[PDB]
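Quick setup: one chain, the form deposited in one PDB entry, written in structure tokens, and binding and motion questions come after.
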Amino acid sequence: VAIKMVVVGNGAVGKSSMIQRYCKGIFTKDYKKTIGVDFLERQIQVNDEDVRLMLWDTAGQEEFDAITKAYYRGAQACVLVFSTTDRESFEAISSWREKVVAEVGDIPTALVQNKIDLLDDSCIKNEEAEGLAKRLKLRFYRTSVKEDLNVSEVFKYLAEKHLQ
């Protein structure tokens, strides 16, 4: 029993970091990276079952080539990510949603405001974020990959939603 999920959003919102935190338990400050993967994975327990979650980073690519389309193909859940400190990343969300729906249909999706550890100097107000989440009909999480807040919860919610 495997579940494929795509992580979707503008550059530098924390997508690859989110995947690395969830699958490996690590957060790297320096970002000095070397090797390419198409997905990471990890086992999760849901409704007394051993689910294999495979997380693909769609890397902010707006026009989908054959590789990008393969990233989206067979996606069973979607994480839409914006950054606390990047207003354009928040504004791009409704467009990203349309691209995801056009590509794969109406799969379980969550909206994530990442970098919430930096909330004291946020580019976006909670009321705006909740307002967008309501408009798009999406459960909203405020997340810190850096501090491991509301990362596991997002993927668990989506996995449960798919297996309901």
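Rigid core (definition): largest C-alpha set, two forms, superposition within 1.5 Å. Residue numbers here begin at 1 and follow the sequence given.
Unshown form deposited in another entry; subsequent notes refer to it.
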{"item": "After fitting the core, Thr58 CA displacement of 2 Å or more between this form and the one not shown", "value": "yes"}
{"item": "C-alpha of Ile67 moved at least 2 Å between this form and the one not shown on rigid core", "value": "yes"}
{"item": "Exceeds or equals 2 Å, Cα of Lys33 between this form and the one not shown, core fit", "value": "yes"}
{"item": "Inter-Cα distance between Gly11 and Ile67 in that other deposited form, nearer or further [3 Å or more]", "value": "closer"}
{"item": "Note on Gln61-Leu138 C-alpha separation in that other deposited form, which departs from the shown form by 3 angstroms or more", "value": "farther"}
